[PDB]
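The chain below stands alone and is given as structure tokens, in the form deposited in one PDB entry.
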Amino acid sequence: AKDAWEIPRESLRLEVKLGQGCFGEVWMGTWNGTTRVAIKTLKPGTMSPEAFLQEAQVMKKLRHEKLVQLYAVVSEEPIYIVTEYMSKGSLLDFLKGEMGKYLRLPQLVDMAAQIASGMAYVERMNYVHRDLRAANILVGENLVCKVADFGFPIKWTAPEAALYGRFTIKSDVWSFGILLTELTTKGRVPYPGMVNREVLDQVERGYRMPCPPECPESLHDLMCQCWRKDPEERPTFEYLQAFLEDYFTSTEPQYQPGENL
């Protein structure tokens, strides 16, 4: 028995390959011959309707302009998931690429605000992303950013989650903190020079990334709030959204552009 999200297979045209991997593939395509869409194919060898359908409900229930929207599914294998198309790809490729040159703090804080808005919706609904970071954010026209791909990357993960599996909205706040350094360095790996083992030992004994060049210290404080040892002292996304939305009036009103930020 199938639900309202199902579509017939004839309605999809896959046109350009965009991404690859062990999971499957991602294509840009057309739905019902008239609707630009992203399509994610899954190889028949990989995870079955036992763990597909449990993980489908998440993307079927949650709905917000700052989370990448499900449009349709072909559920019987081979599986196809159809979502909205984000014309600029992942945030990480965006910042690294041709556009990074031109982005400055106002745009970068704005993108942060938007993700914070998406995650504040996840927070209200009592969910947890678990792998929040630039690679899992998509960008569209007019710098619209949307959270994607809800769950090894210990550099983005809060210590309590990486050591004890305590994944909570507060461990997503930590990852947001790291995301802010990706935004403010145009997409560089965090903890540059440090292998994964080095990062746990250091973070656990108090080490935190310093202020990136040309980034205001007030913004690096926000980062340090997200990186508090004690999960419950980290701010909410409601707070973070508000802080970033209001940033240039309330916090940094004499901001003057520089060479990179």
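Heads up: residue numbers just count along the shown sequence, starting at 1. Basically, rigid core = biggest C-alpha set you can superpose within 1.5 Å across the two forms.
From this point on, the text means the form solved in complex with a partner chain, which you will not see here.
Of the stretches 53-61, 208-216, 37-45, 66-74, only 37-45 has residues with a heavy atom within 4.5 Å of the partner chain in the deposited bound form. Every residue in the set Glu25, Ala135 and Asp149 has a non-hydrogen atom no more than 4.5 Å from the partner chain in the deposited bound form.
Taking the partner from the other structure, the partner chain in the deposited bound form has no heavy atom within 4.5 Å of any heavy atom of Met111. Remark: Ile81 counts among the residues lining the partner chain in the deposited bound form, judged by a heavy atom distance of 4.5 Å or less. Core-superposed comparison between this form and the one not shown: the CA of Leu12 exceeds or equals a 2 Å shift. Core-superposed comparison between this form and the one not shown: the C-alpha position of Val122 differs by less than 2 Å.
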